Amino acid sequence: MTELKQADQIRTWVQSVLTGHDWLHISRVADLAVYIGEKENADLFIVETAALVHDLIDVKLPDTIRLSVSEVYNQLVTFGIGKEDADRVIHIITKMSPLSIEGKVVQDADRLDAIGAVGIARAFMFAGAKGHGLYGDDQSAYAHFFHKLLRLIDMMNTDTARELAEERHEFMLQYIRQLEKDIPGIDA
């Protein structure tokens, strides 16, 4: 398939460019976005392509790596993606940083990778990276569960992503419960 080859092209590029926004996160989010897209009857090629390049423009990437919108667009077109599809992908990644149907799917997959056991891991790695405490202040990893991560299930766009988020969100709840036991007074 033209599309399979183009997906593969995009994957190698994205991996090359990038090598909590590492290739492994992007690859997980692409796989998850395609699964949700399939269930949701969204356009699979747009979902996967947007999922793969969504972080390339993100203000969080260091400046040796981060791309301009025109750089992503030109690379897509060079790789054989029609201008119309390329426009749609561009619409999604710029909105992400009403989102389109496929944009909502990608956003959902992205938020799913921020919850469950994976999201817990990513949260504590971030805290470790930025020199924040495990708990004890408003910049802490534990605070971030309450400010953000535990609310993500309410922000899911699709039924499919809402269904997947349930088990992950409940698992974060079990994780918080275990921290409350391992560490009496953690909340105060």
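A residue's number is simply how far along the shown sequence it sits, counting from 1.
Gap size between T19 and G20, counting deposited residues with no coordinates: none, 1 to 3, 4 to 9, or 10 or more?
Per the record, 4 to 9 deposited residues are absent between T19 and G20.
In terms of residues present in the deposited sequence but not modelled, what lies between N74 and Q75: none, 1 to 3, 4 to 9, or 10 or more?
None; the chain is continuous from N74 to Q75.
Stretch exceeding the other in mean C-alpha B-factor - 53-61, 115-123
Mean B over CA atoms: larger for 53-61.
Entry-level comparison of average CA B-factors, 136-144 and 27-35, reporting the higher stretch
It is 136-144.
Taking the C-alpha B-factors as the PDB entry records them, is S100 in the lowest, middle or highest third of its chain?
Tercile = middle for this residue's CA B-factor.
Among the chain's modelled residues, which third holds the C-alpha B-factor of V47?
As the PDB entry reports it, the C-alpha B-factor of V47 lands in the lowest third of its chain.
If you rank the chain by CA B-factor, which third does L67 end up in: lowest, middle or highest?
Bottom third by C-alpha B-factor.
Should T94 be placed in the lowest, middle or highest third of its chain by the C-alpha B factor in the entry?
For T94, the deposited C-alpha B-factor lands in the highest third.
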